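Working notes, beginning with the structure itself.
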Ligand SMILES: CC(C)[C@H](NC(=O)N(C)Cc1ccccn1)C(=O)N[C@@H](Cc1ccccc1)[C@H](O)[C@H](O)[C@H](Cc1ccccc1)NC(=O)[C@@H](NC(=O)N(C)Cc1ccccn1)C(C)C
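Chains as they are written, first to last, in our numbering: chain A, 75 to 173; chain B, 75 to 173.
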């Protein structure tokens, strides 16, 4: 699709067999989701942004589907205000910025 | 122009007749710039991000030029690591997300 930015660019993703909403975020390097249980082993990590650092669980090679497009990559889970899709998966689905 | 997302989407902006670099960010509602001393009146404000909140000063009606395109609006100034161009100015330059 072509998404304009008059509203937050929130879409539906599918992950773990669950449906969620997430923000398409060109200003994020990584993908951060709210607390959930995913199958798999995970490692503790830290990530930062405005306000500071949070602790997250890192899951690799996770299948996610973003507007019907498949991506397979690293997902961090932790206490984010919002589900964020970052550049690690935006590139996999062929996302660009245009103006 | 079309910007790919392999790297962070950093572009040149002109503000106050000075050039800076800034991140095009579809996940920011607001525009946040590094500390600098603009003339003008300001309001104090708090904005949040992944790790919590920071204090900023709010300036309205600022002209920024982004890759040749002008935009005019509210800019928040404070102790950010990176200059962030948010949706309030992105919409004005006709910027879209495409995949
Ligand atoms: C999500 C996280 C993994 C990401 N971090 C990240 O990419 N890092 C640390 C790598 C890095 C280092 C140096 C330079 C560039 N990038 C991040 O926070 N990115 C920030 C940019 C940044 C980078 C480093 C330090 C400081 C800032 C980027 O601005 C994101 O788009 C971020 C995403 C987000 C959105 C909502 C709530 C939490 C996080 N937006 C924001 O932090 C903005 N907030 C915002 O727009 N809010 C709170 C309103 C809102 C609410 C709900 C939904 C959308 N918007 C502020 C910049 C204004």
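All C-beta atoms, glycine included, are put in the ideal place defined by N, C-alpha and C.
Whether residue i touches residue j by CB criterion (8 Å)
| i | j | result |
| --- | --- | --- |
| residue 152/B | residue 130/B | yes |
| residue 87/A | residue 158/A | no |
| residue 146/B | residue 154/A | no |
| residue 163/A | residue 128/A | no |
| residue 171/B | residue 106/B | no |
| residue 79/B | residue 96/B | no |
| residue 119/A | residue 132/A | yes |
| residue 104/B | residue 101/A | no |
| residue 173/A | residue 75/B | yes |
| residue 110/A | residue 91/A | no |
| residue 126/A | residue 126/B | yes |
Helix, strand or coil at residue i [DSSP, three-state]
| i | result |
| --- | --- |
| residue 79/B | coil |
Proximity test, residue i beta-carbon vs ligand 2 heavy atom, cut-off 7 Å
| i | result |
| --- | --- |
| residue 131/B | Among the ligands modelled here, namely ligand 1, ligand 2 does not occur. |
Neighbouring residues, chain C, relative to residue i (Cβ below 9 Å)
| i | result |
| --- | --- |
| residue 157/B | Annotation note: the requested chain C is absent from the structure, which comprises protein chains A and B. |
**Q.** Segments of 3+ residues assigned as beta strand (DSSP E) that fall wholly inside the region 84 to 160 of chain B
**A.** Fully contained in the region 84 to 160 of chain B are the following beta strand (DSSP E) runs of length 3 or more, in chain order: 84 to 89, 92 to 98, 106 to 108, 117 to 123, 126 to 140, 143 to 152.
Q | Residues from the region 82 to 102 of chain B in contact with chain A, defined by Cβ distance under 9 Å | A | The region 82 to 102 of chain B vs chain A, Cβ under 9 Å: 82, 83, 97, 98, 99, 100, 101, 102.
Q: With 8 Å as the C-beta to C-beta threshold (strictly closer), list the residues of the region 109 to 127 of chain B near chain A in chain order.
A: 121, 122, 123, 124, 125, 126, 127
Q | Chain-ordered residues of the region 132 to 147 of chain B with a beta carbon less than 9 Å from chain A | A | 140, 141, 143
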